[PDB]
Amino acid sequence: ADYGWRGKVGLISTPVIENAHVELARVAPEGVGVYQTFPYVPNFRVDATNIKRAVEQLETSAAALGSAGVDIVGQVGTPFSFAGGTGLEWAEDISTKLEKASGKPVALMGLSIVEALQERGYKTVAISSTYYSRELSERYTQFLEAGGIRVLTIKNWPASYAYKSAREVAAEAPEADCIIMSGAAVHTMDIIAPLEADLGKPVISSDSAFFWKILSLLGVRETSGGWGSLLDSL
Amino acid sequence: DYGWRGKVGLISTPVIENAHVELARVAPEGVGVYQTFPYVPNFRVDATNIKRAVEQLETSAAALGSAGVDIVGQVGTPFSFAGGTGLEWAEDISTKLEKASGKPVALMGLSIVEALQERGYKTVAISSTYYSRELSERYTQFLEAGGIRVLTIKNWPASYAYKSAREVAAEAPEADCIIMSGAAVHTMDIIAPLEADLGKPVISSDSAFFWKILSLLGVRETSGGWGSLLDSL
């Protein structure tokens, strides 16, 4: 048994120095290999010209990963699925570019949340987005509504706050199909199952949806553990 | 908080090398590992593409630097001796990558020399199952450029690794150290057993590289039973 015998995933990471590769390695079942690469995007600023440069860098990264030999490519960064305008048009475009560039199927962090909610038939959500500013939250809300998903509520201001906020939000909107925790940089995988147990409702995060998507694409139907119902449904 | 004890970024050869995994097993708790891939399409090296290769490594190193790693490691033994006589090529690349990243740098091939030097090993015997005759002589030259006499080198999975090292050591009992070269074979697991069976130090491309990396991070523990070089940190 060599590493990655069950499927190899290449993750395009933000210069955030995101730790998604580690988290995926914990969640993935035995045999799934994880790889990582960083796009080179110095002096980034929010201009079309910079965004165009960014996307070309993502395409390079994807091609680097493709060439390396991964089976699937994942793009880390939830707000980048709504980087432009409104709707799901932007995301689906990028997705295609990266499929084109890599020769491999592709998952994007933000888009995965929508795909997950859809696959699960969750129509209404209640959202805790501790990590987000009011501009970002409305943008995000829009994005989900673009996917046919009613947002009954959203809140923003350690894990104590993560847990407490999700509890609060679920209290507010008991009729929600699913609870969402958003903000990719907080580490939520460990609290999903406890929250699902305490609330008796599905709970989904940027991370969990992304990993669900990645494992779906790999065609792998096991996880290592107790990562919540979405991942148990694979 | 992942990586609290030091963060390493590895520039990975586009062979889907698994050194990041290997390093994660060897490193003690707190050490974070990261990875990046340079975009080079199947450019087995030529005078024609080596300048481009090096520019790609510099881009990778900068990507890692900007990400926030503390140290950058370049995976690939042969690259250190890719162009030039002895160590001037390697030391030049090393400086480029330091320049490009803003961070100290380890190169896989150069690390072997630095390890042998730090330990005071003057003579070696080499098992290089992974290599062709050209590469082997190039490698030998490289080591000799570091002041290291190569008493023997034998060439061409783990059964062969173990056996080869046993043979080479039997052949050249006077050697200060045994070397296993060819990074793509997984050697970490057999170093300690070999050291126990031969009663001699044993070093590999991987072990020297990880030794260097951890030295640069200033971390003086490992997870485990990875041989005397890594125990000497």
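Rule-based calculations on the coordinates, nothing more; no lab input. When we count neighbours, we look across all protein chains shown, and the Cβ atoms used for this are built from the backbone with ideal geometry, even at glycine.
Scanning the range A:195-220 for residues that are under 15 Å from A:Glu119 (Cα atoms) and of a type in the set (D, E, K, R) returns a single hit, A:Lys213. Scanning the range A:59-79 for residues that are within 11 Å of chain B (Cβ to nearest Cβ) and buried (at least 24 other Cβ atoms within 10 Å of the Cβ) yields a count of 5.
Screening B:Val105, B:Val124 for residues that are hydrophobic (A, V, I, L, M, F, W, C) and in contact with a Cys (Cβ under 8 Å, 6 or more places away or on another chain) leaves exactly one candidate, B:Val124. Here the condition is being surrounded by fewer than 22 Cβ atoms within 10 Å (Cβ to Cβ), within 14 Å of chain B (Cβ to nearest Cβ) and either among the acidic types (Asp, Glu) or at negative phi (or both); of A:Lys104, A:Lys52, it holds for A:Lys104 alone.
Cβ separations smaller than 6 Å between residues 6+ apart or across chains give the following pairs from the range B:209-233 residues that are at negative phi to residues that are assigned to a helix (DSSP H, G or I) and among the aromatic types (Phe, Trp, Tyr): B:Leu229/B:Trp211; B:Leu230/B:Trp211.
Looking at the range B:133-144, can you tell me whether even one residue there is over 18 Å from the mean Cα position of the chain (by Cα) and closer than 24 Å to B:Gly84 by Cβ? So far as the range B:133-144 goes, yes, one or more of its residues are over 18 Å from the mean Cα position of the chain (by Cα) and closer than 24 Å to B:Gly84 by Cβ. Only one entry in A:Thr130, A:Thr153 is among the β-branched types (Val, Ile, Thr), in a loop (DSSP other than H, G, I, E, B) and farther than 24 Å from A:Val9 by Cα, namely A:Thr130. Scanning the range B:107-132 for residues that are among the small types (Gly, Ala, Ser) and surrounded by 13 or more Cβ atoms within 10 Å (Cβ to Cβ), we see that the one that is farthest from the chain's Cα centre (by Cα) is B:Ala125. Out of A:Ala1, A:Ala25, one residue alone is within 20 Å of A:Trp212 (Cα to Cα) and within 13 Å of another protein chain (Cβ to nearest Cβ). It is A:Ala25. The set of residues in the range B:132-152 being closer than 18 Å to B:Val202 by Cα and in contact with a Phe, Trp or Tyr (Cβ under 8 Å, 6 or more places away or on another chain) consists of B:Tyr139, B:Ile148.
At the interface with chain A (Cβ under 8 Å from one of its Cβ atoms), over 19 Å from the mean Cα position of the chain (by Cα) and of a type outside the set (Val, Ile, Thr): does that describe B:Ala47? Taking the combined requirement at face value, the residue does not satisfy it.
Residues in the range B:141-166 that are surrounded by fewer than 20 Cβ atoms within 10 Å (Cβ to Cβ) and closer than 14 Å to B:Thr77 by Cα: B:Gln141 alone.
Listed here are the residues, each with its yes/no results for (1) more than 8 Å from chain A (Cβ to nearest Cβ); (2) of a type in the set (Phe, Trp, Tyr); (3) within 25 Å of A:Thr60 (Cβ to Cβ).
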position	(1), (2), (3)
B:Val15	no, no, yes
B:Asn18	no, no, yes
B:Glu29	yes, no, no
B:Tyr39	no, yes, yes
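Across the range A:103-119, the qualifying residues are those that are assigned to a helix (DSSP H, G or I) and aliphatic (A, V, I, L, M), and the one among them that is farthest from A:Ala146 (Cα to Cα) is A:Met109.
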